[PDB]
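Asker: As input, take structure-v1.pdb (PDB, N, CA and C atoms):
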MODEL        1
ATOM      1  N   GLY P   1      15.105  13.815   9.835
ATOM      2  CA  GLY P   1      15.348  15.233  10.027
ATOM      3  C   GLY P   1      14.656  16.085   8.981
ATOM      4  N   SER P   2      14.976  15.842   7.715
ATOM      5  CA  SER P   2      14.384  16.598   6.618
ATOM      6  C   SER P   2      13.497  15.703   5.758
ATOM      7  N   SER P   3      12.443  16.288   5.198
ATOM      8  CA  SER P   3      11.514  15.544   4.356
ATOM      9  C   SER P   3      11.601  16.011   2.906
ATOM     10  N   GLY P   4      11.027  15.223   2.001
ATOM     11  CA  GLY P   4      11.051  15.572   0.593
ATOM     12  C   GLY P   4       9.679  15.489  -0.048
ATOM     13  N   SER P   5       9.303  16.535  -0.776
ATOM     14  CA  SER P   5       8.005  16.578  -1.440
ATOM     15  C   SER P   5       7.594  15.190  -1.920
ATOM     16  N   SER P   6       8.552  14.454  -2.474
ATOM     17  CA  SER P   6       8.291  13.111  -2.978
ATOM     18  C   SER P   6       8.137  12.120  -1.828
ATOM     19  N   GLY P   7       7.038  11.372  -1.843
ATOM     20  CA  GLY P   7       6.790  10.397  -0.797
ATOM     21  C   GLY P   7       6.990   8.972  -1.275
ATOM     22  N   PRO P   8       7.023   8.026  -0.326
ATOM     23  CA  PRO P   8       7.210   6.603  -0.632
ATOM     24  C   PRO P   8       5.999   5.997  -1.332
ATOM     25  N   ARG P   9       6.164   4.782  -1.843
ATOM     26  CA  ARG P   9       5.084   4.093  -2.538
ATOM     27  C   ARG P   9       5.201   2.581  -2.361
ATOM     28  N   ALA P  10       4.115   1.871  -2.649
ATOM     29  CA  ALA P  10       4.096   0.419  -2.524
ATOM     30  C   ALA P  10       3.447  -0.229  -3.742
ATOM     31  N   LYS P  11       3.880  -1.445  -4.060
ATOM     32  CA  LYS P  11       3.341  -2.174  -5.202
ATOM     33  C   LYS P  11       2.689  -3.479  -4.755
ATOM     34  N   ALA P  12       1.514  -3.768  -5.304
ATOM     35  CA  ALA P  12       0.790  -4.986  -4.965
ATOM     36  C   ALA P  12       1.476  -6.214  -5.552
ATOM     37  N   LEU P  13       1.464  -7.309  -4.801
ATOM     38  CA  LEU P  13       2.086  -8.551  -5.249
ATOM     39  C   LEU P  13       1.043  -9.512  -5.809
ATOM     40  N   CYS P  14      -0.138  -9.515  -5.201
ATOM     41  CA  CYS P  14      -1.223 -10.386  -5.641
ATOM     42  C   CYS P  14      -2.569  -9.677  -5.530
ATOM     43  N   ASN P  15      -3.637 -10.392  -5.867
ATOM     44  CA  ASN P  15      -4.982  -9.830  -5.808
ATOM     45  C   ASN P  15      -5.415  -9.606  -4.362
ATOM     46  N   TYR P  16      -5.545  -8.339  -3.979
ATOM     47  CA  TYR P  16      -5.951  -7.989  -2.624
ATOM     48  C   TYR P  16      -7.292  -7.262  -2.628
ATOM     49  N   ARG P  17      -7.927  -7.212  -3.794
ATOM     50  CA  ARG P  17      -9.218  -6.547  -3.934
ATOM     51  C   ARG P  17     -10.357  -7.482  -3.543
ATOM     52  N   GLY P  18     -10.059  -8.438  -2.668
ATOM     53  CA  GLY P  18     -11.068  -9.383  -2.228
ATOM     54  C   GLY P  18     -12.063  -8.763  -1.267
ATOM     55  N   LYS P  19     -12.475  -9.533  -0.266
ATOM     56  CA  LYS P  19     -13.431  -9.054   0.725
ATOM     57  C   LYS P  19     -12.813  -9.044   2.119
ATOM     58  N   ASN P  20     -12.516  -7.850   2.621
ATOM     59  CA  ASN P  20     -11.920  -7.704   3.945
ATOM     60  C   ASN P  20     -12.657  -6.643   4.758
ATOM     61  N   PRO P  21     -12.674  -6.825   6.087
ATOM     62  CA  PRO P  21     -13.340  -5.894   7.004
ATOM     63  C   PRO P  21     -12.615  -4.554   7.097
ATOM     64  N   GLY P  22     -13.216  -3.521   6.516
ATOM     65  CA  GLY P  22     -12.613  -2.201   6.545
ATOM     66  C   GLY P  22     -11.179  -2.207   6.056
ATOM     67  N   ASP P  23     -10.977  -2.670   4.827
ATOM     68  CA  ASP P  23      -9.642  -2.729   4.242
ATOM     69  C   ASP P  23      -9.625  -2.076   2.862
ATOM     70  N   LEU P  24      -8.461  -2.092   2.221
ATOM     71  CA  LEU P  24      -8.311  -1.503   0.895
ATOM     72  C   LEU P  24      -8.203  -2.584  -0.173
ATOM     73  N   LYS P  25      -8.940  -2.405  -1.265
ATOM     74  CA  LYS P  25      -8.926  -3.364  -2.363
ATOM     75  C   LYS P  25      -8.027  -2.881  -3.496
ATOM     76  N   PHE P  26      -7.058  -3.711  -3.871
ATOM     77  CA  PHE P  26      -6.130  -3.368  -4.943
ATOM     78  C   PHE P  26      -5.785  -4.597  -5.777
ATOM     79  N   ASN P  27      -5.502  -4.376  -7.057
ATOM     80  CA  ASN P  27      -5.157  -5.466  -7.963
ATOM     81  C   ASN P  27      -3.644  -5.571  -8.136
ATOM     82  N   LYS P  28      -3.142  -6.801  -8.163
ATOM     83  CA  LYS P  28      -1.712  -7.040  -8.326
ATOM     84  C   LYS P  28      -1.092  -6.012  -9.266
ATOM     85  N   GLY P  29      -0.052  -5.333  -8.791
ATOM     86  CA  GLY P  29       0.615  -4.332  -9.603
ATOM     87  C   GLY P  29       0.263  -2.918  -9.184
ATOM     88  N   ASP P  30      -1.010  -2.692  -8.882
ATOM     89  CA  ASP P  30      -1.474  -1.373  -8.465
ATOM     90  C   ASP P  30      -0.530  -0.767  -7.432
ATOM     91  N   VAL P  31      -0.188   0.503  -7.623
ATOM     92  CA  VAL P  31       0.708   1.201  -6.708
ATOM     93  C   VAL P  31      -0.070   2.111  -5.764
ATOM     94  N   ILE P  32      -0.028   1.793  -4.475
ATOM     95  CA  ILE P  32      -0.728   2.583  -3.469
ATOM     96  C   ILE P  32       0.209   3.593  -2.815
ATOM     97  N   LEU P  33      -0.252   4.834  -2.707
ATOM     98  CA  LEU P  33       0.544   5.895  -2.098
ATOM     99  C   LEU P  33       0.420   5.864  -0.578
ATOM    100  N   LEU P  34       1.551   5.700   0.099
ATOM    101  CA  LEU P  34       1.571   5.655   1.557
ATOM    102  C   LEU P  34       1.196   7.010   2.149
ATOM    103  N   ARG P  35      -0.057   7.137   2.574
ATOM    104  CA  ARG P  35      -0.543   8.380   3.160
ATOM    105  C   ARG P  35      -0.212   8.444   4.649
ATOM    106  N   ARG P  36      -0.496   7.358   5.360
ATOM    107  CA  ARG P  36      -0.230   7.292   6.793
ATOM    108  C   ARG P  36       0.310   5.919   7.181
ATOM    109  N   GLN P  37       1.575   5.881   7.588
ATOM    110  CA  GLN P  37       2.211   4.631   7.987
ATOM    111  C   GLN P  37       1.964   4.341   9.464
ATOM    112  N   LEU P  38       0.892   3.609   9.746
ATOM    113  CA  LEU P  38       0.543   3.261  11.119
ATOM    114  C   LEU P  38       1.708   2.565  11.818
ATOM    115  N   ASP P  39       2.204   1.497  11.204
ATOM    116  CA  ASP P  39       3.320   0.743  11.765
ATOM    117  C   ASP P  39       4.079  -0.001  10.670
ATOM    118  N   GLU P  40       5.083  -0.773  11.073
ATOM    119  CA  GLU P  40       5.887  -1.534  10.124
ATOM    120  C   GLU P  40       5.209  -2.855   9.774
ATOM    121  N   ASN P  41       3.901  -2.921   9.999
ATOM    122  CA  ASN P  41       3.134  -4.127   9.708
ATOM    123  C   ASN P  41       1.964  -3.818   8.780
ATOM    124  N   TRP P  42       1.464  -2.590   8.858
ATOM    125  CA  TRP P  42       0.344  -2.168   8.023
ATOM    126  C   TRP P  42       0.632  -0.822   7.367
ATOM    127  N   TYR P  43      -0.155  -0.483   6.351
ATOM    128  CA  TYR P  43       0.018   0.777   5.638
ATOM    129  C   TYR P  43      -1.330   1.355   5.220
ATOM    130  N   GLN P  44      -1.559   2.616   5.569
ATOM    131  CA  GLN P  44      -2.808   3.288   5.231
ATOM    132  C   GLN P  44      -2.608   4.258   4.071
ATOM    133  N   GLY P  45      -3.170   3.915   2.915
ATOM    134  CA  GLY P  45      -3.041   4.766   1.747
ATOM    135  C   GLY P  45      -4.346   4.912   0.988
ATOM    136  N   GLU P  46      -4.253   5.324  -0.271
ATOM    137  CA  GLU P  46      -5.437   5.506  -1.104
ATOM    138  C   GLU P  46      -5.123   5.215  -2.568
ATOM    139  N   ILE P  47      -6.034   4.514  -3.235
ATOM    140  CA  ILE P  47      -5.854   4.168  -4.639
ATOM    141  C   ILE P  47      -7.132   4.417  -5.434
ATOM    142  N   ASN P  48      -6.992   5.078  -6.578
ATOM    143  CA  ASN P  48      -8.136   5.379  -7.432
ATOM    144  C   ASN P  48      -9.285   5.963  -6.617
ATOM    145  N   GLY P  49      -8.957   6.890  -5.722
ATOM    146  CA  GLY P  49      -9.973   7.512  -4.891
ATOM    147  C   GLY P  49     -10.569   6.549  -3.885
ATOM    148  N   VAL P  50      -9.780   5.559  -3.476
ATOM    149  CA  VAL P  50     -10.236   4.567  -2.509
ATOM    150  C   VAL P  50      -9.289   4.484  -1.318
ATOM    151  N   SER P  51      -9.747   4.974  -0.170
ATOM    152  CA  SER P  51      -8.938   4.959   1.044
ATOM    153  C   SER P  51      -9.167   3.673   1.832
ATOM    154  N   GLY P  52      -8.077   3.068   2.295
ATOM    155  CA  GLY P  52      -8.179   1.838   3.058
ATOM    156  C   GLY P  52      -6.855   1.425   3.671
ATOM    157  N   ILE P  53      -6.875   0.346   4.448
ATOM    158  CA  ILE P  53      -5.668  -0.151   5.095
ATOM    159  C   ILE P  53      -5.252  -1.501   4.520
ATOM    160  N   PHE P  54      -3.948  -1.687   4.344
ATOM    161  CA  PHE P  54      -3.420  -2.934   3.803
ATOM    162  C   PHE P  54      -2.105  -3.307   4.482
ATOM    163  N   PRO P  55      -1.821  -4.616   4.539
ATOM    164  CA  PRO P  55      -0.597  -5.135   5.158
ATOM    165  C   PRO P  55       0.650  -4.799   4.348
ATOM    166  N   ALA P  56       1.816  -5.069   4.924
ATOM    167  CA  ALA P  56       3.081  -4.800   4.253
ATOM    168  C   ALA P  56       3.601  -6.042   3.538
ATOM    169  N   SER P  57       3.033  -7.195   3.877
ATOM    170  CA  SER P  57       3.442  -8.456   3.271
ATOM    171  C   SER P  57       2.766  -8.653   1.918
ATOM    172  N   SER P  58       1.617  -8.011   1.738
ATOM    173  CA  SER P  58       0.867  -8.118   0.492
ATOM    174  C   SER P  58       1.443  -7.183  -0.569
ATOM    175  N   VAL P  59       2.142  -6.147  -0.119
ATOM    176  CA  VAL P  59       2.746  -5.180  -1.028
ATOM    177  C   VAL P  59       4.244  -5.051  -0.778
ATOM    178  N   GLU P  60       4.934  -4.364  -1.683
ATOM    179  CA  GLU P  60       6.373  -4.168  -1.559
ATOM    180  C   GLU P  60       6.726  -2.683  -1.599
ATOM    181  N   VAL P  61       7.616  -2.269  -0.703
ATOM    182  CA  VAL P  61       8.040  -0.875  -0.636
ATOM    183  C   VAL P  61       9.168  -0.594  -1.624
ATOM    184  N   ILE P  62       9.380  -1.524  -2.549
ATOM    185  CA  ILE P  62      10.427  -1.376  -3.552
ATOM    186  C   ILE P  62      10.061  -0.306  -4.575
ATOM    187  N   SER P  63       8.785   0.067  -4.601
ATOM    188  CA  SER P  63       8.304   1.081  -5.534
ATOM    189  C   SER P  63       9.139   2.354  -5.430
ATOM    190  N   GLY P  64       9.464   2.936  -6.581
ATOM    191  CA  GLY P  64      10.256   4.152  -6.599
ATOM    192  C   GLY P  64      11.633   3.938  -7.195
ATOM    193  N   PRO P  65      12.626   3.691  -6.329
ATOM    194  CA  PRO P  65      14.011   3.464  -6.753
ATOM    195  C   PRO P  65      14.183   2.136  -7.481
ATOM    196  N   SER P  66      15.282   2.008  -8.219
ATOM    197  CA  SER P  66      15.563   0.789  -8.967
ATOM    198  C   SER P  66      17.061   0.505  -8.998
ATOM    199  N   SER P  67      17.453  -0.635  -8.436
ATOM    200  CA  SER P  67      18.858  -1.023  -8.396
ATOM    201  C   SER P  67      19.323  -1.522  -9.760
ATOM    202  N   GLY P  68      20.561  -1.190 -10.114
ATOM    203  CA  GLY P  68      21.106  -1.611 -11.392
ATOM    204  C   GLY P  68      21.472  -3.082 -11.409
TER     205      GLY P  68
ENDMDL
END
As structure tokens, please, write out the structure in this file.
Answerer:
Amino acid sequence: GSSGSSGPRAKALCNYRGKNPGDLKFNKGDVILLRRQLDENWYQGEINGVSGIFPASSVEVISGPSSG
């Protein structure tokens, strides 16, 4: 219903800066900002001025909040 200036984020689990067909390269830990959520399987964001697509299994949506 309502949105918040603050958007979601994702954290890399392993080295994904390899060689992929039209994908996004990121290093374990790097936090990618979810710009466009195509589906619950992939995520389209941008990192260090680099736009690309990456899976949801390679990253974690735990970024942001922190449970005690």
Asker: So, with only C-alpha atoms as the atoms that count, which of P:42, P:68, P:12, P:20 lies closest to residue 56 of chain P?
Answerer: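 Distance minimum relative to residue 56 of chain P lands on P:42.
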Asker: May I have the protein, DNA and RNA residues with any atom at most 12 Å from the point (-9.0, 6.8, -8.1), counting only C-alpha atoms, written as JSON, numbers by chain?
Answerer: {"P": [25, 26, 30, 31, 32, 33, 45, 46, 47, 48, 49, 50, 51]}
Asker: Using Å and a single decimal, report how far atom C of residue 6 of chain P sits from atom CA of residue 54 of chain P.
Answerer: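 Atom C of residue 6 of chain P lies 19.8 Å from atom CA of residue 54 of chain P.
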Asker: Considering only C-alpha atoms, can you say which of P:44, P:66, P:37, P:57 comes closest to residue 24 of chain P?
Answerer: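 Smallest distance to residue 24 of chain P is found for P:44.
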Asker: Quick one: everything within 8 Å of residue 11 of chain P, counting only C-alpha atoms, minus sequence neighbours fewer than 4 positions away in the same chain. Send it as a VMD selection string.
Answerer: chain P and resid 28 to 32 59 to 63
Asker: Atom CA of residue 67 of chain P and atom N of residue 16 of chain P, how far apart in Å?
Answerer: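 A separation of 25.9 Å between them.
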Asker: Is it possible to get the axis-aligned box enclosing segment 18-34 of chain P (all listed atoms, 4 Å extra per side) as lines of an AutoDock Vina configuration file, with centre and edge lengths in Å rounded to one decimal?
Answerer:
center_x = -5.9
center_y = -1.3
center_z = -1.3
size_x = 23.0
size_y = 24.5
size_z = 24.7
Asker: Measure the distance from atom CA of residue 64 of chain P to atom CA of residue 23 of chain P in Å and round it to one decimal.
Answerer: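 Interatomic distance, atom CA of residue 64 of chain P to atom CA of residue 23 of chain P: 23.7 Å.
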